[PDB]
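The next block holds one structure in the form of structure tokens; read it before the comments.
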DNA sequence: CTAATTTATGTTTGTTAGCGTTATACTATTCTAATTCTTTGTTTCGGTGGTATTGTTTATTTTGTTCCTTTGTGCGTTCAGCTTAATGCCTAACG
DNA sequence: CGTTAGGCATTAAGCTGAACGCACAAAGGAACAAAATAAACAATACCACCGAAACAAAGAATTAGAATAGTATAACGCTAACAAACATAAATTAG
């Protein structure tokens, strides 16, 4: 069950970025939007995941629940409704 | 030429040079003439918010005056904490 | 014969549970007896305001269930509930459908 | 002979006062004895980081006093102290002097 | 619990009966290795040997569409 | 305009006559610095030198109470 | 014989049947309503706690809750909630 | 015979004389440092309280403070502060 | 001769149907792989609940949709429709992000 | 006569006021405005002088933050000036409308 | 410049790590199903550069307008010590 | 899981003298501010374009779903033993 991962930021694809953009009301999307949006997503996930990891490592636990992700998003001021 | 006095309209007290200075502090090279009234309204609603919160604070304590700590606590809740006026 | 505290106030939310959560939430050492009655009152009124607009949205959509798309619609269409829940996002809620007028053709 | 708890840790901030504020701040029912020593340590280090940059700013300005303009300069010029105090404004502090490069003439 | 299950395809019922066969002939065998061997043998079968299983799966598909015609 | 002015105390009449003195002896002097210096000198005066001014202010106070005996301060908006 | 989840799920349904008898509700929307109830409870109790601390009050009474309601809830929601609350305490004290 | 203001004014000056012996400080900057100390104390104690609640711990020990320090303070400030803290508890426990 | 639409004509219909629909627009498995890729660097060998990755996906989609709304506001303000990365950096800068 | 170029005095005032930490709002008119607005919420509301000083300081900070964001938005749109649409955008993106 | 506020010692107590067990959801595997991402060839349209008009800001001078910093006095507001009823928390019981 | 009857010990309403805070008297240029103006440079209106993004069809390649087994792990309950609150005597310190 040991494994290392790499290059998973290409897994969030460009016609899957275009749908997140066209939900927000965007009518035209340039070509260089994608890597910048992937980096924005990367730093946001890095902040919230580091917060969740510190939350779960304080509890002497080994898995990541959804409640800790909710607390991590609460600490950034983006509260999530729907998980407890 | 002759001085003009207008009843009430306290928002108007915030003069036009005292707003050009606020924008020069912000690093602004040019200000159009339609900015002063909009900035007056912005300042008005900001003070309306903070003052209403501080009034509810000092009214909960049954105090007729508005101390500084009440303004600190009213500004803390909007995400703009004041340093220097006591905790 | 004795009657419950939730219906002593004539409400639905349990006064005892909010009293217990105010105690064990570590907000003060003591808590007044009017505090949970008030808090349950404002809570029940608040969820009444949510569910009434949600039912009107779902009946406006010719549906019979409340899915969270209806909750997001009922919250984002309001003015003074949008200020209460402006930062909060909603799971599986979607957005309020509105398109900028310059994007639309003439 | 007995020695104070602030210098038991070899610090300046009083362990007893932060212990009392953790007690009376109503954060928990109990509090560990290492909590105030840790909190005073991080606090003293934090104000050391502030005052060192403030003294370097005031000595850089050929002044001998710390006015809050120096504190605002020392906080806004830093990277990881600007994130701690990004929302906080400073009384009589002024701004960090920086002008956009397109406003400046060529 | 009310959950409608997916209908079985050819390989699932084939591996079901053949795994029951292997578990009644062989003791002390781990099922992941069983399924590895069953996939290996199913890929070395000729297509001439699979038409009963795919036809039976097609019968389950027509039974499923006749049982739920407005299903999506 | 009908507005009753406040009566002068000791320091106001003292600074009035002494500021007139300074303005007849010194040209090109700003009045804020004048008043700063006048407050400084009034706080380094001994109390033995101020009794005429406080007594004159007390005479103005008794003249004010004899001029308006039914007077009470009423702040308005 | 599982330990039971303490939640506000029944009372949201009771309120819904008081206000809307015909329409049903999902389960995930009920979880959303539970999370919303807990969020608002946390907001109001936190403001009441810090108000009792700013006035050095060791007891949170209904005044602090009323002030916190006037603080958080904007617009007519504030006065509607205060009217509901005072109606509730008058009901609770009259009995 | 006035009642006395409990504040952190002396210890900021002690730290300043430890770190910068020549330069003085104003009074309003000392008030700013007092407000900053109280702000950071509130942030750290609030995160420690909510962490003890999320784990159902009734006792705030140094672990919660350490986790909250790693939460709030970004960059190298976090590990520098943790090293200072562990140095402090090793000093306090060795004595 | 096949019939072709115009650029933008299909885009409004897509905007409407995605504003109406409430599902997630990025697949769950690449998000699982990316979350497990990122969370190696803080502590290796973490198990992620499916509900946790779903909650992260919900908040991720919400954050990016809000950021793209602000991006469209800024690009419209500069009299553009085609958004650009400087609009993203601006809308992050104004927001208090960086 | 030798008048300066348009903006050079503005630049010198930019550097002077940014180098300065002074309060740019006169105290009496701000006192009048504060005691005029606060009467609408409650009557007989005297203010401490520190409270109105704090309000003036915080409004100065809020406005200079609003104005640096405004100038960011105006520079982004290839404009040196400030128009009120920039203030609208900077208040909208900050999530204050 | 001496009250007062932190520090130390022993006691109770109530919290928590250690341990066992077990259940339970997690991870991996292998199949089909479906669906959607990427390539490649149109096609059409919006960001960007370049020029010209205009409209409005700025910098300046003149002329009012105010302000500012100084101490004592009057009056309204708050606060702190002391009284005193209110009340909420704990226990025992009940449903 | 939720409610209810009596102590008691803590806590907010009540009250008064006292201390705080603020306005304001004169002054008188200083510093500020409003108003009118020359014009100069910035906003903007318009036009061309070209390459950049959208659209489409095909296939590939990926995810979805399910059965399933192991399986690390997490969530239950006893138990000790340990650490923290509490009662009571110095001390230094500090506003």
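We number chain H the same way Swiss-Prot does; the residues here are 31-125, in that order.
Determined via electron microscopy, 4.0 Å.
Placed from the backbone N, Cα and C atoms, the Cβ positions cover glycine too.
So that you can see what the record holds, here are the features copied from Swiss-Prot:
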- H:35: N6-glutaryllysine (MOD_RES)
- H:35: ubiquitin cross-link (CROSSLNK)
- H:36: polyADP-ribosyl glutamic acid (MOD_RES)
- H:58: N6,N6-dimethyllysine (MOD_RES)
- H:86: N6-(beta-hydroxybutyryl)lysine (MOD_RES)
- H:86: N6-acetyllysine (MOD_RES)
- H:109: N6-lactoyllysine (MOD_RES)
- H:109: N6-methyllysine (MOD_RES)
- H:109: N6-(2-hydroxyisobutyryl)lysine (MOD_RES)
- H:113: O-linked glycosylation site (CARBOHYD)
- H:116: phosphothreonine (MOD_RES)
- H:117: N6-methylated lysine (MOD_RES)
- H:121: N6-succinyllysine (MOD_RES)
- H:121: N6-glutaryllysine (MOD_RES)
- H:121: ubiquitin cross-link (CROSSLNK)
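Shown on the structure are the features that Swiss-Prot records.
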| residue | record | DSSP class |
| --- | --- | --- |
| H:35 | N6-glutaryllysine | coil |
| H:58 | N6,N6-dimethyllysine | helix |
| H:86 | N6-(beta-hydroxybutyryl)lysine | coil |
| H:109 | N6-lactoyllysine | helix |
| H:116 | phosphothreonine | helix |
| H:121 | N6-succinyllysine | helix |
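On a Cα basis, residue H:35 (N6-glutaryllysine) lies 36 Å away from residue H:86 (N6-(beta-hydroxybutyryl)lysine). Taking the modified residues H:35, H:109 in turn, the residue surrounded by the fewest other Cβ atoms inside 10 Å of its Cβ turns out to be H:35. Considering only the modified residues H:58, H:117, the Cβ with the fewest other Cβ atoms within 10 Å is that of H:117. Contact annotation for chain B: of the listed modified residues (H:36, H:58, H:86, H:116, H:117, H:121), H:58 place their CB atoms under 8 A from a CB atom of that chain.
Each residue contributes its Cα atom, and for residue H:121 (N6-succinyllysine) and the residue listed as 'polyADP-ribosyl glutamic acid' those atoms are 27 Å apart. With an 8 Å limit on C-beta distances, none of the recorded positions from H:35, H:86, H:109, H:113 reaches chain D. Each residue contributes its Cα atom, and for residue H:109 (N6-lactoyllysine) and residue H:116 (phosphothreonine) those atoms are 10 Å apart.
Other C-beta atoms found within 10 angstroms of the C-beta of residue H:116 (phosphothreonine) number 15, with every protein chain shown included.
A distance of 16 Å separates the Cα atom of residue H:58 (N6,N6-dimethyllysine) from that of residue H:36 (polyADP-ribosyl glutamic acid).
In this structure, the CA atom of residue H:116 (phosphothreonine) is 28 Å away from the CA atom of residue H:36 (polyADP-ribosyl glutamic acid). Annotated pair residue H:113 (O-linked glycosylation site) and residue H:35 (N6-glutaryllysine), C-alpha to C-alpha distance, rounded: 32 Å. Between the alpha carbons (Cα) of the residue listed as 'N6-methylated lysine' and residue H:35 (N6-glutaryllysine) lies a span of roughly 31 Å. With the fewest other Cβ atoms inside 10 Å of its Cβ, the least crowded of the modified residues H:86, H:121 in this structure is H:86. The Cβ of the residue listed as 'polyADP-ribosyl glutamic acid' has 9 neighbouring Cβ atoms from other residues within 10 Å, across all protein chains displayed. Neighbours of residue H:113 (O-linked glycosylation site), defined as other CB atoms within 10 A of its CB across all chains, total 12.
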